[PDB]
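**Student:** Below are the structure tokens for one structure; questions will follow.
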């Protein structure tokens with residue numbers, strides 16, 4: 001969305017091209033190029049031509065979901081809604097929500113041309129997006145690209161406070177870092193691991 | 001108490017002599033000598049002469065305390081009563097007593113000749129006996145004599161289950177023994193410590 005000389009807002013769609021040949025680092029650079037040039041009025045005619053698929057974000061303002069229109073030339077448009085708690089939880093305590101294990105959600109929509117795309121394909125597409133945003137391999141690939149030294153947080157169900165108390169478990173974590181934490185420390189100025197030597201276990 | 005040929009029981013007092021020159025090991029030997037010889041009828045006239053102070057045990061049967069008689073020649077007689085719970089707790093659960101922190105008690109009496117011993121002396125005597133049976137130095141001396149390798153249990157008040165939970169504290173004790181327990185193990189066939197070398201800390 002770029003404002004005009006008069007003042008009236010007018011949305012136009014610009015394209016990130018050849019996206020099937022990019023890693024996350026390359027993708028992030030390409031994205032921020034389009035946003036940069038738009039803010040200083042340096043987009044050309046070629047930037048607005050050749051779009052295959054589109055993305056919209058009603059969730060910015062706080063809309064829960066939308067049913068948008070599809071422009072001629074394309075097959076699908078994807079929409080991203082709000083990342084808040086549901087309205088039935090918007091007056092509850094942080095303490096009570098933390099006890100139960102209530103998370104935030106995002107709603108995603110797919111609007112498609114029925115002459116060329118069938119409903120089973122559209123459902124399978126949204127199922128793959130759901131799996132990726134909770135998948136170990138997906139978050140490993142992003143961390144690798146951005147040079148984050150730690151292991152990513154993994155997806156799991158909340159466990160009950162039975163057997164060994166959770167306070168005992170937090171004290172055992174403090175001992176582990178004080179004893180074995182040097183095994184994952186940013187000590188090597190090269191990104192080098194000697195292939196001959198054996199790697200110690202650091203699951204602790 | 002030795003039974004006669006007829007069957008009728010008849011108590012007589014035998015003496016452990018020169019007791020002010022003995023350690024606990026020597027004392028235990030002298031005691032068991034008198035008890036042994038009595039059971040096989042080999043006490044002499046000299047064993048029954050020269051008693052200065054006496055000890056009686058009504059607590060054996062379960063009496064709580066007694067006011068006994070003093071025989072001519074001596075100045076005091078000491079009596080030891082029952083080592084049970086009080087009668088008001090004799091129908092309570094082991095669980096409820098353990099929660100509160102209720103211990104067992106022993107009652108001790110002193111019967112003295114008032115022409116030579118005053119009441120203040122008799123009270124000070126019973127206060128010293130109370131202190132000794134809870135004292136660190138007393139139990140160190142007994143353990144040393146009998147060759148017990150561990151430190152004795154010490155006297156303390158029950159502490160509340162606040163701050164770090166007691167379950168966390170029991171798990172830290174298991175880790176201590178698995179790591180540092182070799183420092184107090186029965187590994188040396190001599191009772192030898194090299195005086196030159198420094199002794200490691202094993203308070204853990």
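**Student:** Return the single residue from B:45, B:83, B:129 with maximal mean-square fluctuation; model: Gaussian network over chain B, springs between Cα atoms under 10 Å.
**Tutor:** Comparing B:45, B:83, B:129 in a Gaussian network model of chain B, the most mobile one is B:45.
**Student:** Can you give the Rg to Rh ratio of chain B, both from alpha-carbon atoms, with Rh computed by the Kirkwood formula?
**Tutor:** 1.04
**Student:** On a full-extension model of 0.36 nm per residue, what is the gain between residue A:90 and residue A:146, subtracting their alpha-carbon distance, rounded to one decimal in nm?
**Tutor:** Between residue A:90 and residue A:146, full extension yields 16.7 nm more.
**Student:** Here's another thing I want to ask about it. Please tell me the relative contact order of the range B:1-153 in percent, rounded to the nearest whole number, where contacts are Cα pairs under 8 Å and at least six residues apart.
**Tutor:** In percent, rounded to a whole number, it is 17.
**Student:** While we're looking at this one, here's another question. Rounded to the nearest Å, what's the spacing between the alpha carbon centres of the range A:151-204 and the range A:1-80? Just the number, please.
**Tutor:** Centre-to-centre (Cα) distance: 41 Å.
**Student:** Please arrange A:115, B:154 by how many other C-beta atoms lie within 10 Å of their C-beta, fewest to most.
**Tutor:** Starting with the residue having the fewest Cβ neighbours, the order is A:115, B:154.
**Student:** I've got another one for you. Compute the angle between helix B:119-132 and the longest alpha-carbon principal axis of chain B, please, reported from 0 to 90 degrees and rounded to the nearest 10.
**Tutor:** 40 degrees
**Student:** At residue B:19, label 7 Å along Cα→Cβ: distances to the other copies, nm, ascending?
**Tutor:** 9.8
**Student:** State the residue of chain B whose Cβ is nearest the axis carrying B onto A, and the distance in whole angstrom.
**Tutor:** Checking which Cβ lies nearest the axis yields B:168, 2.
**Student:** Let me ask another. Beta carbons within 10 angstrom, averaged per residue: use that to sort the peptides B:182-190, A:170-178, highest first.
**Tutor:** The most tightly packed comes first, giving A:170-178, B:182-190.
**Student:** Okay, next question. What does the convex hull of the Cα atoms of the range B:91-204 come to per residue, in Å³, rounded to a whole number?
**Tutor:** It is 243 Å³ per residue.
**Student:** Write down the Kirkwood hydrodynamic radius of the range B:27-90, to one decimal in angstroms, obtained as one divided by the mean of 1/r over all alpha carbon pairs.
**Tutor:** Across the range B:27-90, the inverse of the average 1/r is 14.5 Å.
**Student:** While we're looking at this one, here's another question. Average projected area of the Cα convex hull of the protein assembly as shown, in nm²?
**Tutor:** Value for the protein assembly as shown: 46.4 nm².
**Student:** Using a label position 7 Å from Cα in the Cα→Cβ direction, what is the ascending list of nm distances from residue A:114 to the same site in the other copies?
**Tutor:** Taking the point 7 Å beyond Cα along Cα→Cβ, the inter-copy spacings are 11.7 nm.
**Student:** Out of all DSSP beta bridges in the protein assembly as shown, what portion is antiparallel? Express it as a percent rounded to 5.
**Tutor:** Approximately 70 percent, going by the DSSP bridge assignments.
**Student:** Sort shortest first the distances from residue A:57 to its counterpart in every other copy, using label points 7 Å along the Cα-to-beta-carbon line, and give them in nm.
**Tutor:** 8.7
**Student:** List B:102, A:67 from most exposed to least, where exposure is judged by having the fewest other Cβ atoms within 10 Å.
**Tutor:** The most exposed by this proxy come first: A:67, B:102.
**Student:** If each residue of separation counts as 0.36 nm, what is the full-extension length gain between residue B:40 and residue B:197 once their alpha-carbon separation is subtracted?
**Tutor:** Gain on extension, residue B:40 to residue B:197, equals 51.2 nm.
**Student:** Hey, another quick one. Using only Cα atoms, find the angle between the long axis of helix A:24-39 and the longest principal axis of chain A, and express it within 0 to 90 degrees, rounded to the nearest 10.
**Tutor:** Approximately 40 degrees, to the nearest 10.
**Student:** Using helices alone, what [θ] at 222 nm do you get for chain A, with -39,500 (n - 2.57) per DSSP H run of 4 or more residues, divided over all residues and rounded to the nearest 500?
**Tutor:** Computed ellipticity for chain A at 222 nm equals -9500 deg cm²/dmol.
Because the Cβ atoms are built from the backbone with ideal geometry, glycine has one as well, and the counts that use them run over all protein chains shown. We did not get these values from a lab; they are worked out from the coordinates using the rules stated.
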